[PDB]
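According to my numbering, the sequence shown holds residues 46 to 104 in order.
So the structure is just underneath, and the comments pick up after that.
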Amino acid sequence: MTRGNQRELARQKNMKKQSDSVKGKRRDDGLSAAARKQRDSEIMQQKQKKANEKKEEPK
Numbered sequence: 046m047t048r049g050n051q052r053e054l055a056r057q058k059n060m061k062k063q064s065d066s067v068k069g070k071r072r073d074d075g076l077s078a079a080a081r082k083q084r085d086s087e088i089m090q091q092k093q094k095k096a097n098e099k100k101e102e103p104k
């Protein structure tokens, strides 16, 4: 917006609201836990990639 207000000094309080309404957090045709496990084991072992964890929120 023309001559839009832009202040460096910004502050955010504890703002966390319910966003769990997404029930479509699974997408496959009909893989059994066996088939999934095997294919996961194939790509991960063949790649030999370390599935590293993102850092937690610290103090």
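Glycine included, C-beta positions come from ideal geometry on N, C-alpha and C.
Item                                                                                                 : Value
Considering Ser86, what are the terminal residues of the alpha helix (DSSP H) in which it resides?   : 78–92
Roughly how many angstroms separate the alpha carbons of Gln90 and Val67, rounded to a whole number? : 32 Å
Work out the CA separation of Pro103 and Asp74 for me, nearest whole Å.                              : 39 Å
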